[PDB]
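# A closer look at the structure
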Amino acid sequence: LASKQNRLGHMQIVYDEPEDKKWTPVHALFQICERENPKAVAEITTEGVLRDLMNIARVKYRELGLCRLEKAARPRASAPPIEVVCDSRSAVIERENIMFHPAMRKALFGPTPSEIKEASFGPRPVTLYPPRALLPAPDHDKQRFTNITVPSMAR
Amino acid sequence: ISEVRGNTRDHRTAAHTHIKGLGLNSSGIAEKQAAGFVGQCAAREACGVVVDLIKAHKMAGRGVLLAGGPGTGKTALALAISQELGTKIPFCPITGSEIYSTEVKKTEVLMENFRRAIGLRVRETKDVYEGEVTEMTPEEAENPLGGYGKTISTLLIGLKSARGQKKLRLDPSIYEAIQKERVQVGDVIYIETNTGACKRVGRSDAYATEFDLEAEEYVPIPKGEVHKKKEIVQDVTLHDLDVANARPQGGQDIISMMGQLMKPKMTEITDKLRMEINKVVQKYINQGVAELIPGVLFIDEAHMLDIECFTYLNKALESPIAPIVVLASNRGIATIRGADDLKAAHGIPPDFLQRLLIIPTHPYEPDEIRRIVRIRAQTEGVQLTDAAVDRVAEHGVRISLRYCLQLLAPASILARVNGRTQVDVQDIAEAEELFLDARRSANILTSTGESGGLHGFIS
Amino acid sequence: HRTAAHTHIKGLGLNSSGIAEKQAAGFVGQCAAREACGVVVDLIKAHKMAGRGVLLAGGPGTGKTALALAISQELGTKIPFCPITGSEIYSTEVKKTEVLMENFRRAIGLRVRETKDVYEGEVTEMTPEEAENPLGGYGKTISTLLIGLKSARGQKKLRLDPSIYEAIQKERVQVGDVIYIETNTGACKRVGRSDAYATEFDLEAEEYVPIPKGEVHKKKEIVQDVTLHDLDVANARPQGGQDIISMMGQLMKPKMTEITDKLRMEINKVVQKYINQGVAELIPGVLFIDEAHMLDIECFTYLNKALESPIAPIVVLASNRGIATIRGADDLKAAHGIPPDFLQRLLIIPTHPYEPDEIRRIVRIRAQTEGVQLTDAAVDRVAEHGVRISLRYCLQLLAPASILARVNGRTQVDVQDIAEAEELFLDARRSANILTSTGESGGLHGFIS
Amino acid sequence: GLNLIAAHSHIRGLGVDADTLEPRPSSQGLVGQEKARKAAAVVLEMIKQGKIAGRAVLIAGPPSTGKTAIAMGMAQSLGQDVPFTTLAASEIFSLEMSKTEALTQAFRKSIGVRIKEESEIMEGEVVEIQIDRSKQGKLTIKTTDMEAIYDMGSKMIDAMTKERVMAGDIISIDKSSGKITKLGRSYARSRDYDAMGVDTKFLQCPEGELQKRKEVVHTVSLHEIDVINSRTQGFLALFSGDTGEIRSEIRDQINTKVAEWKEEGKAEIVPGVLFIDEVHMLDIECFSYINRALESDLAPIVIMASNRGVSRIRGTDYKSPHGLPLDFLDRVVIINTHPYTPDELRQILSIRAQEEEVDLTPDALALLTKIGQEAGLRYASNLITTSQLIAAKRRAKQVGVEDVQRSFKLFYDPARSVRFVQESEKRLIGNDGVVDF
Amino acid sequence: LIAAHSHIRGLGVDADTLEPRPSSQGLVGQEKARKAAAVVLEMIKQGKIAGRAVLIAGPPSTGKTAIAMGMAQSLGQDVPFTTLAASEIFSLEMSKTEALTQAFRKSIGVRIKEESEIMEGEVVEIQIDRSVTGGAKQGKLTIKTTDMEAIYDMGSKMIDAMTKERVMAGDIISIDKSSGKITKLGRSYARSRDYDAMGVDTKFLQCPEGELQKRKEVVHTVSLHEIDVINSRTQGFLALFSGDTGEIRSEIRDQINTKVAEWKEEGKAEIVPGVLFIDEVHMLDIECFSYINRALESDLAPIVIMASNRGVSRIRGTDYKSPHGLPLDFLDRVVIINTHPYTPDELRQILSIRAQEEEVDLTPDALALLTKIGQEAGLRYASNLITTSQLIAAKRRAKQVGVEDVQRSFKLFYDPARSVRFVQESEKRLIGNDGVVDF
Ligand SMILES: Nc1ncnc2c1ncn2[C@@H]1O[C@H](COP(=O)(O)OP(=O)(O)O)[C@@H](O)[C@H]1O
Ligand SMILES: Nc1ncnc2c1ncn2[C@@H]1O[C@H](COP(=O)(O)OP(=O)(O)O)[C@@H](O)[C@H]1O
Ligand SMILES: Nc1ncnc2c1ncn2[C@@H]1O[C@H](COP(=O)(O)OP(=O)(O)O)[C@@H](O)[C@H]1O
Ligand SMILES: Nc1ncnc2c1ncn2[C@@H]1O[C@H](COP(=O)(O)OP(=O)(O)O)[C@@H](O)[C@H]1O
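The deposited coordinates, according to the entry record, derive from cryo-EM at 4.68 Å resolution.

Right, dumping it as structure tokens:
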């Protein structure tokens, strides 16, 4: 899904005439909820009076300073996941193909810079299997995805 | 592709098809046999006062009860109010046995139905460049930057709609759209105004045969303008705002692309979110952009709500932004479902009942059932003689109202099978023994069904 | 600085010979309960305990939980004390016996020394070195790096795994960012731009810190206070390391799960391995279950096997019930709500009601604790209300009577202020009398019966 | 072949005259229930007309009289055009979706949307991929009759690259959408490789013209449209079951667009039949929703069955006729049934004989008629198979009096099992105590 | 709009003596309970005394929620005031006790103060370097006030905000350096005549004076529940809005209480204690009271004010009765304030206030008849008659309402005292606990 350009939202922007009798492609006929969506009309408007309603949760979450606030609690213990001590080579290969599984890591973090070079100096446009970095943006700026904090020049 | 059938575009007959409105005067006094109703004067006058209260925008959390026995016209008055208000004012007809969920608490589906019952009308503008791309021709700058190659100051795009074409000069930072979206000659795009980043809709239909096999969607030319400056009215219910702020629709990561990929779960909504949305909607009303329009939450069968729900309804009706709550109860002295202690009137607790404008509903006279039969018969199209009307009215007075409105379809079928066009006394006297009522069924059940044996029922 | 209901209690107030001296350190009287609580406290602080039952009987308003706060302030800060209720364990994710065992292992603490191995440097050259990647769908994969860390005294130029590179990469470490690679998990927190790249013309609002002094490969020891339930949660839902289970396991929502018997035994063996290395010290504690009669019979069944463990904290139950019916099975009545089989484990401590002078002393202590000074006739009036109505009703007539005193320009509280606050604010008994008298018939001016 | 002789196998339609609605007795399996079958014929003739929306037809009567038989006769005598839905009432009480929504989906299944279109598809076996690294290319495809060379421009070469199409595959292109669907490989290249992979399935070559266009009549239900528009890749949810409380705004948009399709002539709405078997298992929390869902325009003609007499309603504590609340029985119409005469029992056992290809002597048929009169239909119909099998053990062609008496001696009818229970009470666990001799 | 508690503008007592005025600020007609609620309000505004319980008992339609909204309007938008109803606690997601714990911890505000750094001035040039097919971005921003001429740098988030805002040359923007938001204030030049998709000509502002890097000290108030949710989850933020918080373990609360105490001592934060209002507490069962009695034992408990309606009722989840439906081990802790039914000379002025709020003009004969109706059917029928008589007078085109309009509204809409008789007359065409007939 991460490399599928949505287009049925845009039909509501372009094909928006009373004469045009609400044209939809026949091979996308039953996707009705994909087609009539107020978000797609909302992202186009001159005044953002509906865009300032559709994501007011993020605006209130930012204006309360719930990102810059120092993280008060943290878990008292952490651990790696339990592994199997089985003394064959196949167990080690299955561990390094499931618990690490480089397809998901490549799909999550992004492309190798060598792959960026061979995709951006080529004669023709080519796609990338992680088309962008699919890691989600962390929702706490000062302390992201770890638990390792330090004293604060404030204190 | 899809082949259009040239048949008759009729409609289907429901139980409330003939209702077309209240049928009042210009002074509010009801008039009998008008717009579907027969009689029921005071209830239609009171519902006209309710309709006037709704369209006057003075209702801010009232509550209206519809008493009266079963089969007397409460849902008929509800659909009359919903067709009297129109379409541009919301109407959410939930039942009592629809708040019981298995994902959320049952005092939350009520609040989501309140938010479904409130509408918000927003008037805005839409400024887009539109159509199929003909040229993408750059223009060299007057002073190129030293150390680089090309230096392009204005990018030209020729957009051709289905009415007229137009050349367009643009800022050069449209290139990041065009490389990322792969826009070429013969692809319809739209360019917005607030940001200005074109997004391809598809290959046009005129270039649907330059190749043979390489196919995608072949969208037609935009049959409209090339410079839309069109204004839009847009109706969003506050339920939609609650959902779009709680669960965001479109994100770009893994876990929100699993959230829309896994099943959407109803989740309970914290009250700070609703308070914030009310505080901002009441600000955009004061700016003079959005109009608030309250609607009707017709909670049918209000005796199925237990005592844990009316407690939440007291809080929800004391909110400053709330629709009207038209209940519908058809019980006398009943035990409330939650607390099996107090026998209260209508299934409503005595604390909640004081909020309610109680509208009665009376039984029908034995010379009005035949007028309802005539209106229902000319609604379905089933025509019939006057002695047949008198026999159906006899069955209507002596048995039930809903039963004499259901001896019209098998009588019509047996009529046009026997070889006639109108229904006589013989067809109804034959169809009265193929479709027994509840009374003769209970008579067979008690008399013939003596006890549990071989050829007997299972008590 | 907020006077709660339990602020004057500062301990049991015991002598050197373990004899309770009355009117000392907050309490008034209550000898036979405070001596037994002192015995319980020294049973806790001797570590010959693997599950003992201590019941605190007595009617409501007699100070059952005042003894509990006295115990919790007599043990100290460094001994675990888990107070819960009987209504807290009815959850919706797990069975309630799981919540019982999670509280039992909240009530056992451990003090562990750890040796963290930080690499605290300033990143000089960051260059990836990918390996061979044949046709397998995913494409190239970075497998080796050459990050050069530059501390104040002696730089170092080290080589990394793919996983620690992904730990770097999810931190957005550019060239110049000081970091501290933690070679226990693999985590690495960016601290800020080094001050060699300092510029006041900046916009990112970065935190400029100087170059970390000392060796780039430091090694530091710390002391940590970890309960066994923390280890249970750590090994149950993993959130440490740089693999996929421990990374996609911190983006989901956290759910309480059922930590089984095998994990609770394996963590016991791991902790015994820590103790045998002379590192960790075990300190058992108290589970204070207030309102134990709300627990049903399915919980008193499981407390038997939970107390038969070789490691189990001491349980202190509170129950203000007489002959009552157990919540689970409604056909056997017993004392306190405790079943007659579970009651034999318990060392039952009684608690007796008060006296018309002990109420006067408690009123005086509570008044000089909240900060409300008053006269002796007013103290006698409040003690009269304490004898007639209730104990914890007459304590609550001091907070309005201060405010009303400050209405009339006074400082001390006289008889008139309490004589007005006894009319504005009512108790439960006279309110029920007004209820029964005035609420004669249901109707418009009646009550919903 | 996944089709074995059940109880409802001889009923090939309702079996009435289509002109004057006269239920002739022995036609299409059903035997001698003339008034109820006439009433079901009137119901079926107002179903196929499809104008009158949302009735409710209860079929009362004693057990072993034919209430599900008439329902299966109405199901067989509609065809595949008008839908039908066999839902017993205990299916509603779920743990993932509530009772209201799992009963709304029973109404949303029984209304079809019918749409006719032209499918412009292209079958073909790949012969040679010719890519001109200059963008352009040529594809050579063949069938059993033809062979052609089609040009390709830029991007479906990349679609071939993403699909990894080798020479010998069976590709299919929907030219109205343009996406390659590799169907597998051909039997003409099974001789080529030796150790095949996992994904490869072998197929015959396509036959006939490459460009196949055909007018096909699609018929979906409203429940299909509701579940597909639930989530993003939600089409597999209706096979899996991984759906829950669908919101009302989606169903409102879908009903509005189905009305819009009926206006523009794209779609034809075909109302169908919901069959709620054993309706007395529903509690009052379900009848309070059925009394409202029979009001909309999009409501199927509900046919429901029942057994019980004056019984309690589940969920409440007051007796009522047929196990149904009276505010619901004021709304429905009731077709009573009747027990069977022996003259009908004999030929019903004859039809059950000729369905199971078991030959019976007339004396055995008369004895089995007497057993069916003394015990019921469901026990008499279960003795044909047993007598045939006991005749097969002693190697006799025709069953006789001896085999039917043997089958009556071995297996007990439910009339004698009650006397067996009440005869020996001290050993069966009644409610408290067992003797154990 | 005009809800059922929009005329109330506070509690209406004195500031020096707190004597109950007989007619002041909407709450007109009662003296004892308003004076006692003024005392409760004063000990909430003191903020020192923690963990009390106030039970506003009395007959229905006597203004209990009116006194609660009077205290709510009297605290202003500073102190938290949770309007919890007692049926919201019975969730299916989380447990019944943890919903109470969240309801207590939503009513303890923490007021922190932090310094942000805001910019101001006219943008002179934008310089954005972008990669091809995924990659980092580079940014140089030259900005000029009337005095300074700075060339700042940018990161990835600043460019993602600039392109979202479409900041061209010649805009008066103000960038918060800490949070990172961009608010265009207007322009100083005019719109160019060279490009088409430019936009809308904004407000004409001049070049701002002063300095670039200005500092600002903002005040942010979060409840303890928001701190619990943002410190209980690694990435799953925003679940404090969409209610997706399953369970917060006790190890998180016992750390956040200690850190809030440390923030209180350092002068970083200030604890503002609040009010938890529980409307109609008689619906809670005994499993809730066995936790409510013990959550009022710590320094972080809010002063609970709660209402009731019932006489000797049976407590849910049990088998026995009690006054107000509350257990007698919980009624020792509480303090009960009684309310009395009204007198007609007070109902007259209450209906006068409700009529002047909904913009309805009356005649004194209609007001006398309305008071006569309100004696027998309460305020809840009389206010509905006020609004209904307004619209019926609007239908027949009359200026002021009259006796005939009130009689019309009394004829159309029954009070409950006549609907009870309407039930008791026709008992054969209403579904009781038994069957029903049809004529
Ligand atoms: N005044 C009326 N005029 C015409 N038809 C009526 C009238 N009142 C009721 N009906 C018919 O009676 C039928 C049953 O009434 P219904 O609305 O089901 O009663 P209830 O509201 O108690 O459920 C409806 O189909 C409606 O068409
Ligand atoms: N010995 C005592 N000295 C001082 N105060 C006491 C004493 N015993 C009880 N109290 C008071 O009684 C009040 C309630 O005691 P508590 O332990 O809550 O009663 P219960 O035993 O019913 O839980 C507390 O506020 C406490 O101040
Ligand atoms: N008229 C009939 N002709 C032939 N077989 C019948 C007839 N009526 C019923 N049966 C058979 O009797 C059996 C019982 O009918 P069914 O509807 O299942 O009874 P019930 O209503 O008790 O479920 C069915 O298997 C059916 O095949
Ligand atoms: N003393 C009063 N002052 C102003 N309005 C009042 C007063 N008493 C009652 N009301 C009005 O009467 C209505 C009922 O009061 P409310 O507190 O909702 O009753 P209850 O306590 O039974 O819920 C409220 O809308 C309020 O506006």
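Back to the text.
Moving on, we come to the overall build of chain D. Tallying secondary structure elements over chain D gives 15 helices and 17 strands in all. In terms of C-alpha radius of gyration, chain D reaches 30 Å, well past the compact-globule figure of 22 Å for 437 residues. Here the C-alpha coordinates of chain D stretch approximately 95 × 60 × 60 Å along the principal axes. For chain D, with 437 residues in total, the buried portion stands at 50%. Of the accessible surface of chain D, which amounts to about 22600 Å², a share of 49% is contributed by carbon and sulfur atoms.

Once that is clear, we can look at the interface of chain B and chain D. Between chain B and chain D, the residue contacts involve 75 residues of the former and 91 residues of the latter. In total, about 7700 Å² of surface goes out of reach between chain B and chain D, with carbon and sulfur atoms giving 54% of it. Contact with chain D buries surface across chain B, with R12, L213 and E214 of chain B losing the most and accounting together for 11% of the total. In this structure, the connection of chain B to chain D is made through seven salt bridges. Measuring nitrogen to oxygen at the nearest pair gives 2.4 Å for the salt bridge that ties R5 of chain B to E268 of chain D. There are 30 residue pairs in polar contact connecting chain B and chain D.

Residues and elements named next belong to chain B. Along strand β6 (residues 199-203), four of the five residues are buried, which leaves the element largely enclosed by surrounding structure. As paired elements, strand β5 (residues 187-191) and β6 share four bridges and run antiparallel to each other. Bridge pairing links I189 to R200 in β6.

All names here are of chain B. Residues in close proximity to ligand 1 total 18 residues, the closest being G71, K74, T75, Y364 and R402. Take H16: an N or O atom from its side chain is 3.3 Å from an oxygen atom of ligand 1. Between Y364 and ligand 1, the recorded distance is 2.4 Å, taken from a side-chain N or O atom to a nitrogen atom. Calculation on ligand 1 without its partners gives an accessible area of 550 Å², and the protein chains cover 96% of this total. Going through the elements one at a time, α2 (74-85) and α11 (401-404) are the ones with two or more residues in the shell around ligand 1. The element contributing the most residues to the shell around ligand 1 is α2, with three residues. Each residue belonging to the shell around ligand 1 can be placed in one class, and the counts come to eight nonpolar, eight polar and two charged.

Next up on the list: the pattern of salt bridges. Once the charged atoms of two side chains with opposite charge are near each other, the side chains can pair. On inspection of all chains with the given rule, the structure shows 120 salt bridges over all chains. The salt bridge partner of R364 of chain C is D376 of chain C, with a shortest N-O separation of 3.4 Å. With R364 of chain C in helix α8 (residues 358-370) and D376 of chain C in helix α9 (residues 376-388), this pair connects stretches of sequence that are 12 residues apart. Under the relative-accessibility criterion, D376 of chain C is labelled partly exposed at 49%. Salt-bridge contacts for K99 of chain D lead to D283 of chain D; the nearest nitrogen and oxygen are separated by 2.7 Å. Here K99 of chain D and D283 of chain D have matching classes, each one buried. One salt-bridge network, in which partners are shared between bridges, spans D187, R200, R203, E210 and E216 of chain B together with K155 of chain D.

Although it is not a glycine, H47 of chain C adopts a positive phi angle of roughly 65 degrees. Phi angles above zero are rare outside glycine, and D436 of chain D is one such case at about 60 degrees. Positionally, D436 of chain D belongs in the segment after α15 (414-423).

Take the UniProt feature "binding site: ADP 1" (unreviewed entry) in chain D next. All names here are of chain D. UniProt annotation of "binding site: ADP 1" (unreviewed entry) refers to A7, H8, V31, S64, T65, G66, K67, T68, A69, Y340 and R378 when read in the numbering used here. Locating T65 in the fold gives a position in the loop between β3 (56-59) and α2 (67-76). Among all residues touching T65, those that are not within four sequence positions of it are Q33, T337, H338, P339 and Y340. From its side chain, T65 meets the backbone oxygen of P62 in a polar contact 2.7 Å long. With respect to the helices and strands, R378 occurs in helix α12 (residues 377-380). Since its relative accessible area comes to 58%, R378 is described here as exposed.

Per the domain assignment, the segments of chain C are domain 1 (113-223) and domain 2 (356-437). Taking only C-alpha atoms, the centre of domain 1 of chain C and the centre of domain 2 of chain C are 66 Å apart.

Cut-offs used in this document
- Residues numbered from 1 in each chain as written, not as in the entry; some residues may be left out.
- Chains lettered and ligands numbered in written order.
- Part of a larger assembly, values for the part shown.
- Heavy atoms only, no water.
- Helix = DSSP H or I, 4+ residues; strand = E, 2+ residues; numbered from the N terminus.
- Rg over C-alpha atoms; globule rule 2.2 N^0.38 Å.
- Buried < 20%, exposed > 50% of the residue type's maximum accessible area, 1.4 Å probe, protein only.
- Areas by Shrake-Rupley, 256 points an atom, 1.4 Å probe, with all protein chains shown as cover.
- Contact = heavy atoms within 4.5 Å.
- Buried area = accessible area lost by both parts, 1.4 Å probe.
- Salt bridge = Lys/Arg side-chain N within 4 Å of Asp/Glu carboxyl O.
- Polar contact = N/O pair within 3.5 Å; in protein donor to acceptor, adjacent residues only side chain to side chain.
- Pairing = 2+ DSSP bridges.
- Near = heavy atom within 4 Å.
- Nonpolar A, V, L, I, M, F, W, Y, C, P; charged D, E, K, R; others polar.
- UniProt positions renumbered as here; feature names shortened; annotations may be inferred.
- Domains from an automatic or database assignment.

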